[PDB]
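> Next up is a structure, given as structure tokens.
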Amino acid sequence: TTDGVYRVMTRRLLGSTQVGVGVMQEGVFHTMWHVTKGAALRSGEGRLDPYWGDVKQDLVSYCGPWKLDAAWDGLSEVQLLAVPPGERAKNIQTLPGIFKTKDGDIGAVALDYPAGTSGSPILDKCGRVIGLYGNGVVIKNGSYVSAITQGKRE
Amino acid sequence: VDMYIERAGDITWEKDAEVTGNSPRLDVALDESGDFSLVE
Ligand SMILES: N=C(N)N[C@@H]1CCCCNC(=O)[C@H](CCCCN)NC(=O)[C@H](Cc2c[nH]c3ccccc23)NC(=O)Cc2cccc(c2)CNC(=O)CNC1=O
């Protein structure tokens with residue numbers, strides 16, 4: 001349960017596949033619902049069980065409630081700490097755009113990575129996780145734009 | 001189906017990082033299945 005960013009892997013008959021990424025903070029593992037669908041996660045010799053989740057937000061937490069509460073300030077550049085399959089973690093700085101919805105504006109990053117990068121954290125200048133990468137849209141030219149998806153710390 | 005996690009790094013901001021990507025302003029809707037779509 002050590003703090004940090006983690007790959008989410010599946011092993012079948014021979015070899016592993018990276019299906020996503022997540023954040024360990026305050027003893028809770030945070031990822032996007034579509035990465036695990038709530039399946040239990042092996043961590044070393046231990047097992048992490050789903051505690052909370054929401055399909056519409058596309059989020060899930062393990063071991064306890066959602067802990068990430070930093071918010072994009074609507075103004076500043078952010079960094080995607082991308083953890084792509086088969087590649088070392090790397091920071092990519094960007095100025096978010098906006099998903100304008102009937103329920104308010106959501107920051108959104110125009111950065112395109114493999115599906116198994118889902119759950120990679122998006123950071124503010126203090127290194128706080130302001131959301132997770134990977135629930136988004138494909139625009140007319142084929143490019144991808146991800147919401148900065150953040151949960152509520154109850 | 002063995003699903004498992006493995007550490008990939010520390011969560012820190014990188015000074016003097018590569019800056020890329022545009023800043024699109026998109027009208028979108030979110031359905032109850034958690035899918036965003038562009039509004040026509
Ligand atoms: N240029 C690209 N297509 N880049 C994407 C980047 C993926 C980043 C991580 N996120 C995801 O995997 C989620 C899962 C699903 C979460 C659902 N709530 N995904 C997405 O949000 C997008 C957007 C989307 C949501 N709901 C949809 C319904 C219809 C069409 C698109 C979408 N989903 C896709 O982009 C799917 C897609 C469509 C066409 C071709 C490809 C992939 C081939 N690309 C890859 O095989 C790797 N790249 C890609 O897959």
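Residue numbers start at 1 in each chain; chains themselves are named A, B, ... in the order of the structure tokens; ligands are numbered from 1 in the order shown.
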Just want the residues within 8 Å of ligand 1, written as number ranges by chain, counting only C-alpha atoms and all ligand atoms.

A: 34-35, 58, 112-119, 133-138, 142-146; B: 33-37

> Taking only C-alpha atoms into account, which residues of chain A are within 7 Å of chain B, as a PyMOL selection string?

chain A and resi 4-12+41-43+55-58+89+91-101+110-111+123+125-127+136-137

> Of the residues A:122, A:17, A:69, A:59, which is the one nearest to residue 82 in chain A, using only C-alpha atoms?

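Smallest distance to residue 82 in chain A is found for A:122.
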
> In chain B, what's strand (DSSP E or B) per DSSP? Answer as a ChimeraX atom specification?

/B:2-9,19,25-30,36-38

> In Å, rounded to a single decimal, give me how far CA of residue 45 in chain A is from CA of residue 88 in chain A.

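Between CA of residue 88 in chain A and CA of residue 45 in chain A the gap is 23.9 Å.
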
> Tell me, as a PDB file with N, CA, C and O atoms, in the first residue's frame, which residues lie within 10 Å of residue 129 in chain A, counting only C-alpha atoms; anything in the same chain fewer than 6 positions away does not count.


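And here's around-v3.pdb as it stands now:
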ATOM      1  N   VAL A  23      -3.394   5.352  -8.466  1.00  0.00           N
ATOM      2  CA  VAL A  23      -2.696   6.142  -7.456  1.00  0.00           C
ATOM      3  C   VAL A  23      -2.952   5.536  -6.086  1.00  0.00           C
ATOM      4  O   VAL A  23      -4.114   5.370  -5.686  1.00  0.00           O
ATOM      5  N   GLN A  25      -2.691   6.503  -2.282  1.00  0.00           N
ATOM      6  CA  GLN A  25      -2.564   7.648  -1.391  1.00  0.00           C
ATOM      7  C   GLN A  25      -3.384   7.371  -0.141  1.00  0.00           C
ATOM      8  O   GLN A  25      -4.535   6.941  -0.240  1.00  0.00           O
ATOM      9  N   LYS A  67      -9.780   9.518  -1.698  1.00  0.00           N
ATOM     10  CA  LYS A  67      -8.969  10.436  -0.909  1.00  0.00           C
ATOM     11  C   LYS A  67      -8.475  11.651  -1.679  1.00  0.00           C
ATOM     12  O   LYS A  67      -8.007  12.610  -1.053  1.00  0.00           O
ATOM     13  N   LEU A  68      -8.550  11.640  -3.007  1.00  0.00           N
ATOM     14  CA  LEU A  68      -7.959  12.694  -3.824  1.00  0.00           C
ATOM     15  C   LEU A  68      -8.949  13.847  -3.938  1.00  0.00           C
ATOM     16  O   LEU A  68     -10.038  13.680  -4.484  1.00  0.00           O
ATOM     17  N   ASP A  69      -8.576  15.011  -3.435  1.00  0.00           N
ATOM     18  CA  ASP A  69      -9.515  16.124  -3.436  1.00  0.00           C
ATOM     19  C   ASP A  69      -8.970  17.410  -4.033  1.00  0.00           C
ATOM     20  O   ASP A  69      -9.706  18.399  -4.086  1.00  0.00           O
ATOM     21  N   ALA A  70      -7.732  17.437  -4.505  1.00  0.00           N
ATOM     22  CA  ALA A  70      -7.234  18.647  -5.142  1.00  0.00           C
ATOM     23  C   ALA A  70      -8.001  18.902  -6.438  1.00  0.00           C
ATOM     24  O   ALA A  70      -8.375  17.971  -7.160  1.00  0.00           O
ATOM     25  N   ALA A  71      -8.217  20.174  -6.743  1.00  0.00           N
ATOM     26  CA  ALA A  71      -8.985  20.582  -7.906  1.00  0.00           C
ATOM     27  C   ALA A  71      -8.124  21.419  -8.836  1.00  0.00           C
ATOM     28  O   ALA A  71      -7.314  22.236  -8.381  1.00  0.00           O
ATOM     29  N   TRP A  72      -8.303  21.228 -10.145  1.00  0.00           N
ATOM     30  CA  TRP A  72      -7.693  22.146 -11.095  1.00  0.00           C
ATOM     31  C   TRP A  72      -8.207  23.555 -10.823  1.00  0.00           C
ATOM     32  O   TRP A  72      -9.405  23.761 -10.599  1.00  0.00           O
ATOM     33  N   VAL A  78      -0.919  22.010 -16.055  1.00  0.00           N
ATOM     34  CA  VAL A  78      -0.936  20.786 -15.268  1.00  0.00           C
ATOM     35  C   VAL A  78       0.073  19.827 -15.889  1.00  0.00           C
ATOM     36  O   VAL A  78       0.615  20.074 -16.967  1.00  0.00           O
ATOM     37  N   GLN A  79       0.317  18.717 -15.203  1.00  0.00           N
ATOM     38  CA  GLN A  79       1.144  17.657 -15.764  1.00  0.00           C
ATOM     39  C   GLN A  79       0.410  16.329 -15.702  1.00  0.00           C
ATOM     40  O   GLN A  79      -0.092  15.927 -14.649  1.00  0.00           O
ATOM     41  N   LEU A  80       0.357  15.658 -16.841  1.00  0.00           N
ATOM     42  CA  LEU A  80      -0.024  14.255 -16.890  1.00  0.00           C
ATOM     43  C   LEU A  80       1.212  13.439 -16.547  1.00  0.00           C
ATOM     44  O   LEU A  80       2.243  13.550 -17.225  1.00  0.00           O
ATOM     45  N   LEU A  81       1.120  12.644 -15.482  1.00  0.00           N
ATOM     46  CA  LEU A  81       2.168  11.674 -15.149  1.00  0.00           C
ATOM     47  C   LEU A  81       1.758  10.392 -15.860  1.00  0.00           C
ATOM     48  O   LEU A  81       1.118   9.501 -15.294  1.00  0.00           O
ATOM     49  N   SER A 120      -3.806   7.154 -15.194  1.00  0.00           N
ATOM     50  CA  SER A 120      -2.608   7.926 -14.893  1.00  0.00           C
ATOM     51  C   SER A 120      -3.004   9.252 -14.242  1.00  0.00           C
ATOM     52  O   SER A 120      -3.981   9.883 -14.654  1.00  0.00           O
ATOM     53  N   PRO A 121      -2.278   9.690 -13.217  1.00  0.00           N
ATOM     54  CA  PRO A 121      -2.667  10.906 -12.501  1.00  0.00           C
ATOM     55  C   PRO A 121      -2.274  12.171 -13.232  1.00  0.00           C
ATOM     56  O   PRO A 121      -1.255  12.243 -13.924  1.00  0.00           O
ATOM     57  N   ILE A 122      -3.106  13.187 -13.033  1.00  0.00           N
ATOM     58  CA  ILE A 122      -2.872  14.542 -13.517  1.00  0.00           C
ATOM     59  C   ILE A 122      -2.589  15.406 -12.292  1.00  0.00           C
ATOM     60  O   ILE A 122      -3.287  15.291 -11.276  1.00  0.00           O
ATOM     61  N   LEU A 123      -1.534  16.220 -12.363  1.00  0.00           N
ATOM     62  CA  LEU A 123      -0.955  16.876 -11.204  1.00  0.00           C
ATOM     63  C   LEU A 123      -0.998  18.392 -11.332  1.00  0.00           C
ATOM     64  O   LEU A 123      -0.840  18.936 -12.425  1.00  0.00           O
ATOM     65  N   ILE A 148     -10.252  15.735 -16.954  1.00  0.00           N
ATOM     66  CA  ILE A 148      -9.541  15.614 -15.678  1.00  0.00           C
ATOM     67  C   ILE A 148     -10.601  15.117 -14.697  1.00  0.00           C
ATOM     68  O   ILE A 148     -11.385  15.893 -14.159  1.00  0.00           O
ATOM     69  N   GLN A 150     -12.061  13.843 -11.376  1.00  0.00           N
ATOM     70  CA  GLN A 150     -11.774  13.850  -9.952  1.00  0.00           C
ATOM     71  C   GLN A 150     -13.013  13.394  -9.188  1.00  0.00           C
ATOM     72  O   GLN A 150     -14.148  13.691  -9.579  1.00  0.00           O
TER      73      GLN A 150
ATOM     74  N   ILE B  11       5.021  10.189  -7.310  1.00  0.00           N
ATOM     75  CA  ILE B  11       4.122  11.192  -7.873  1.00  0.00           C
ATOM     76  C   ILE B  11       4.719  12.559  -7.557  1.00  0.00           C
ATOM     77  O   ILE B  11       4.594  13.070  -6.440  1.00  0.00           O
ATOM     78  N   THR B  12       5.391  13.142  -8.543  1.00  0.00           N
ATOM     79  CA  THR B  12       6.025  14.437  -8.376  1.00  0.00           C
ATOM     80  C   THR B  12       5.907  15.243  -9.659  1.00  0.00           C
ATOM     81  O   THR B  12       5.898  14.691 -10.760  1.00  0.00           O
TER      82      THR B  12
END

> Would you work out the distance separating CA of residue 2 in chain A from CA of residue 147 in chain A, expressed in Å to one decimal?

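Separating CA of residue 2 in chain A from CA of residue 147 in chain A is a distance of 26.6 Å.
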
> So the first atom is CA of residue 152 in chain A and the second is CA of residue 77 in chain A; what is the distance between them in Å, to one decimal place?

22.0 Å

> Pick from A:61, A:83, A:46, A:38: nearest to residue 21 in chain A, with only C-alpha atoms counted?

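Closest to residue 21 in chain A of all the choices is A:83.
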